[PDB]
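Notes for the one structure printed next.
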Amino acid sequence: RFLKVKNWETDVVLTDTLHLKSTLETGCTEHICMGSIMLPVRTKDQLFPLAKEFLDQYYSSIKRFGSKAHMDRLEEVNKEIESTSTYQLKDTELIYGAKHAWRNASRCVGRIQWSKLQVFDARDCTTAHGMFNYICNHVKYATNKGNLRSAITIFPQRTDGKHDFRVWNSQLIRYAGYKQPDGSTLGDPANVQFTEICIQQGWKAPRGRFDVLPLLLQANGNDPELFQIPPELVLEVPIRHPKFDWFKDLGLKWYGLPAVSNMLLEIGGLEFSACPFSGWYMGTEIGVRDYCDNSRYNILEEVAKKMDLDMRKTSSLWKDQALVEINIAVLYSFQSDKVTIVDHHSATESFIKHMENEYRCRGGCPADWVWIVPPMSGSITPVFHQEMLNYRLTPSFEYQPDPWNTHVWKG
Amino acid sequence: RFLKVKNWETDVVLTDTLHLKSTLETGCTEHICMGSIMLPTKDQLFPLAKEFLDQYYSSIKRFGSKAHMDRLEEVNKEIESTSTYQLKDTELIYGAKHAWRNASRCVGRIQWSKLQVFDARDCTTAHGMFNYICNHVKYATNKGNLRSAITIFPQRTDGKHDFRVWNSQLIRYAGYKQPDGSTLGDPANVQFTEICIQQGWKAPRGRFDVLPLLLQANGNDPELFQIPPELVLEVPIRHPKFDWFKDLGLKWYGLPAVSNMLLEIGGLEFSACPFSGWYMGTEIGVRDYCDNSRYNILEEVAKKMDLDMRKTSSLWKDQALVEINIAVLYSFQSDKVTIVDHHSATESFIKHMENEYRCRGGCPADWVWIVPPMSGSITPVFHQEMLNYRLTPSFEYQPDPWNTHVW
Ligand code: HEM
Ligand code: HEM
Ligand SMILES: Cc1cc(N)nc(CCc2cccc(CCc3cc(C)cc(N)n3)n2)c1
Ligand SMILES: Cc1cc(N)nc(CCc2cccc(CCc3cc(C)cc(N)n3)n2)c1
Ligand SMILES: C[C@H](O)[C@H](O)[C@H]1CNc2nc(N)[nH]c(=O)c2N1
Ligand SMILES: C[C@H](O)[C@H](O)[C@H]1CNc2nc(N)[nH]c(=O)c2N1
Ligand SMILES: [Zn+2]
């Protein structure tokens, strides 16, 4: 079975066979496409096959499929499962799994980098204090004084779902949001609810516009504990504009390290519920979404005001003009401070090269167009005209519900 | 069974039930989403007729009435005897409006009920077709105050007597491959232009030559006609701030009129059904002007603005893109030719979608096409979950005639 994707700018046509290895489901049917829906404990029984497909993939990749070492490993894992209802990954398999979850992440435009990922094995961690230490080391290593390096830290896997390791923060580094009695927000509206939890847990909120949130860390199903990342580890960039001298007086900054900390890494049926991972930013994540979403910092008006754009009619494209200037500012600031960042032209062009290479070497590259296309200037990037096939491969990153909704408080 | 869509900007949640009345297939499966793919008998006909007439009589609040049963009976008798049937004028108008209403990729559907339907089912020759089309064009243009219109030529019979407009739009510019190696005019139309030349068209070989119509009646060989130039309203493109802009020699036509699609109503197939509205600015300024495989003007404009084109990260493409789109909108507005910007159009669509949810139980929408090709996330549609499904009546793609036609 073969599936073809066309690029409508280049007429380049690719053939996907990889989708035949797809296990998980999409949410779509022959009658309904759910392609724009944001969010569409295992038995021994289900675990054996999952482990086996994983180990088959792993041993093929090292050109050892069907070897004695492959067979012995299957036998050993099977025995471990029947006897203990679960199993332990070798370090090599963990590394491979983590790299593959990234490689398989169809919503990630940054996948050209998938094979350079530093894996920190934190499966010997037992306490929230232990977690804090691992996370500090990850932050320092990944930050690398502005010369960012991709990394993931992997905490112990789920057992009975009652002893989960979780990082309650959605990202390791994020700014607090405070709902004011007059209904306005100070700082980042995205993080109001989590900020409230931190405050309730005893965090002394400075109540500024750019307060780095404390880490809220849960080990072994215990109640989460608050920790402050050492400020000297939190690299930040003041935002200025190359031509507009008043831009700095907007008082904007952002942090350099994007580190997603609330997803679940699934490898060979095992579930790693705390697996913070980090890379570097594409400029639009900050300049389009973080700054210009109406539900976020929402700075478009103020920027357009200072530029004295005609704001009486939308058809002046004042929003669009301000949007570009903000995004220029973000890239210029990160570059000037030597903090790794990639523009959306460069990221999408690299992604297209990655995608074609993946088709050639792997038989496919699952990709979610809705997410891959940048949130500004969509059609002047090469991904816009690229047909993509979206399907779900394992290993994978998955969403999980926010822990404050599910946690059984011990007291 | 009942499906929820969330807006991530406003937290508003809508419940879709309309998808259960879905009847065509999406191309997707539980294993693979094809969301981003551009183009994924008597016995068959009666269910299709019944389905349609049920929705029609329901709409005029006469479901299960004698007039309903009688028409169902009438159409059935017509099919068994003739192997097809004819729509009443009222049914035709209902069907056409609903094909638009159901167009999941159309952002402008708030307008769906205000569609002027021209019944050209009495047409028999390519000459008749040309007359009907000039009239549509003049009506729709309305000296710049544009009005939505569709013109419906006779339905398919045995498939050997198809009416087709060979053009993809009623008004488009020619494309010519040059000894130079580059393309003159619109590169999207090079194959069609050559077909026009090989049919006898005297091509002026300019950058903006309005293509002639190539009309096929009753399955006959297609004939050429030039639309009266006085009926083709065009707009010279200037910028409100940059005086050099006009020097690029850019213009575009006022009337977007898609002419190559197939209208399907109650199993009947209208293979020639040109329809028109008015432009959203980005269609011209982003796609027509800036696509690499179209007029591809970004480099020239960036140059004139004296932007630093050394590095992608200066966002010179993005800067030029915005300016090109300001010029488009400015030029149309100044010349009083109806146009909508992507902010206004997407805001309207959100309002339409909420109307459709509360009055119909849903609104099929294809996010990939609805989100504008520039500034996506600063339009409300970006943050709106949409369910995409296929309802009938509908507009469908069909193979280009030069592949299908037997000469
Ligand atoms: C190296 C630099 C990277 C860049 C520039 C990059 C870029 C991006 C961007 C722009 C998004 C969409 C984000 C949004 O709109 O919220 C994304 C999504 C994602 N990335 Fe990356 N990425 C990078 C590295 C990584 C790494 C190291 C991992 C994991 C090891 C990763 C896994 C993911 C996943 C799982 C998603 C989508 C989440 C979902 O399914 O909703 N990426 N990437
Ligand atoms: C009146 C103002 C209208 C506006 C502003 C508008 C807007 C648009 C836009 C921007 C597109 C995307 C086109 C592209 O990217 O190539 C589109 C698609 C489409 N529109 Fe409209 N439209 C209008 C009127 C109409 C009318 C009158 C009809 C039919 C009666 C129609 C039916 C369609 C269909 C079928 C598609 C998508 C074709 C496909 O499936 O690929 N629209 N619309
Ligand atoms: C359910 C849901 C709701 C919502 N509003 N947002 C999300 C997105 C969460 C997420 C996942 C992966 C990457 C990023 C964006 C952050 C990021 C991470 C890395 C590793 C690199 C990079 N350039 N950027 N953000 C999910
Ligand atoms: C074969 C094929 C290939 C391809 N790459 N794209 C297409 C799209 C055809 C099409 C359909 C509807 C509207 C428009 C865009 C033109 C248009 C039409 C109307 C009625 C209003 C408006 N504002 N704009 N264009 C077809
Ligand atoms: C591959 C992808 O489906 C293709 O580029 C689409 C994307 N979205 C689009 N959206 C609109 N409105 N019009 C288009 O022509 C396209 N092209
Ligand atoms: C409704 C829609 O799926 C949602 O707004 C998506 C669209 N595309 C996106 N793309 C990226 N990269 N990030 C996002 O948060 C979103 N949001
Ligand atoms: Zn789908």
Side-chain angles (χ1 to χ4, degrees), chain A residues 3 5-6 8-10 19 22 25-38 283 288-289 292-295 300 314-317 319-321 323-324 327-328 331-332 335 341 343 345-346 349 367-370 373-380 384-392, chain B residues 3 5-6 8-10 19 22 25-38 281 286-287 290-293 298 312-315 317-319 321-322 325-326 329-330 333 339 341 343-344 347 365-368 371-378 382-390:
Chain A
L3 283 173
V5 292
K6 189 185 177 174
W8 289 87
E9 173 189 9
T10 56
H19 71 277
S22 194
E25 292 183 327
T26 60
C28 296
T29 79
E30 303 81 80
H31 286 104
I32 202 155
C33 177
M34 309 254 292
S36 72
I37 305 301
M38 189 94 81
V288 186
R289 310 299 319 289
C292 298
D293 281 358
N294 296 146
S295 297
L300 269 180
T314 59
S315 54
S316 58
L317 303 197
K319 294 212 176 159
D320 311 74
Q321 275 199 289
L323 183 61
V324 176
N327 276 277
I328 287 178
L331 290 159
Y332 171 70
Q335 281 163 184
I341 197 162
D343 67 83
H345 301 290
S346 170
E349 190 181 321
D368 180 344
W369 192 103
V370 167
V373 179
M376 71 178 283
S377 300
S379 73
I380 58 166
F384 183 93
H385 317 270
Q386 182 65 57
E387 295 185 337
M388 298 172 193
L389 292 174
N390 192 205
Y391 48 87
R392 275 171 48 165
Chain B
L3 287 165
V5 288
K6 176 159 171 164
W8 287 84
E9 193 204 322
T10 64
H19 74 277
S22 129
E25 283 164 345
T26 64
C28 303
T29 76
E30 296 90 49
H31 294 280
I32 177 144
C33 179
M34 307 258 186
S36 69
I37 309 293
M38 274 208 96
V286 178
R287 300 308 316 286
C290 295
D291 275 6
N292 183 290
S293 73
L298 273 177
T312 58
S313 55
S314 80
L315 314 188
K317 290 187 163 160
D318 308 73
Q319 292 209 286
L321 178 65
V322 175
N325 282 270
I326 284 166
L329 287 164
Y330 174 71
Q333 296 173 159
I339 194 159
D341 68 76
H343 299 289
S344 164
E347 202 216 337
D366 177 348
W367 188 101
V368 167
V371 177
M374 68 172 297
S375 296
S377 69
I378 64 159
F382 184 95
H383 310 271
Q384 180 66 60
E385 295 181 345
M386 299 171 192
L387 290 167
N388 190 215
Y389 48 93
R390 314 228 311 149

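Throughout, a chain's letter reflects where its sequence line sits, starting with A, and its residues are numbered from 1. Heavy-atom basis, side chains included; hydrogens, waters and symmetry copies ignored.
- For A/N390, the parts sitting under 4.5 Å from any heavy atom of chain B are the backbone and the side chain alike.
- Among B/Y389, B/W8, B/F382, the residue making the largest number of heavy-atom pairs under 4.5 Å with chain A is B/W8.
- Between B/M38 and A/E387, the closest heavy-atom pair is N-OE2, 3.0 Å.
- Proximity to chain B (any heavy atom under 4.5 Å) is restricted, for A/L331, to the side chain, taken from C-beta onward.
- Looking only at distances, a side-chain donor or acceptor of B/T26 sits under 3.5 Å from a matching main-chain atom of A/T29.
- Residue A/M34 holds its CE atom at 10.0 Å from SG of B/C33, rounded to the nearest 0.5 Å.
- Rounding to the nearest 0.5 Å places OG of B/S22 at 5.0 Å from NE2 of A/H31.
- Heavy atoms of A/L323 lying under 4.5 Å from chain B belong exclusively to its side chain.
- Contact annotation for A/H19: only side-chain heavy atoms (C-beta onward) come within less than 4.5 Å of a heavy atom of chain B.
- Chain B forms more heavy-atom pairs under 4.5 Å with one residue of A/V288, A/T10, A/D293 than with any other, namely A/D293.
- Of the residues considered (B/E30, B/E25, B/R287), B/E30 shows the highest number of contacts with chain A, using heavy-atom pairs under 4.5 Å.
- Ranked by heavy-atom pairs shorter than 4.5 Å toward chain B, the options A/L3, A/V5, A/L300, A/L317 are led by A/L317.
- The side-chain contact (heavy atoms from CB on, under 4.5 Å) test applied to A/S295 returns B/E9, not counting sequence neighbours.
- At a 4.5 Å heavy-atom cutoff, the contact between A/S316 and chain B is made by backbone atoms alone.
- Going from atom CG of B/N292 over to atom CD1 of A/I380 covers 11.5 Å, rounded to the nearest 0.5 Å.
- For B/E347, there are no salt bridge (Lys or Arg N to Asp or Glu O under 4.0 Å) partners two or more places apart in sequence or in a different chain.
- Top candidate by heavy-atom pairs under 4.5 Å with chain B, chosen from A/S36, A/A367, A/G378, A/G35, is A/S36.
- For the pair B/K6 and A/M38, the minimum side-chain heavy-atom distance is 4.5 Å or more.
- For A/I341, no part lies under 4.5 angstrom from a heavy atom of chain B.
- A/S377 contributes no side-chain N or O that, together with a main-chain N or O of B/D318, makes up a donor-acceptor pair within less than 3.5 Å.
- Rounded to the nearest 0.5 angstrom, B/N325 CG and A/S315 OG are separated by 12.0 Å.
- Atom SG of B/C28 is separated from atom CD1 of A/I32 by 10.0 Å, given to the nearest 0.5 angstrom.
- No donor-acceptor distance shorter than 3.5 angstrom exists from the side chain of B/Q319 to the backbone of A/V324, with no hydrogens or angles considered.
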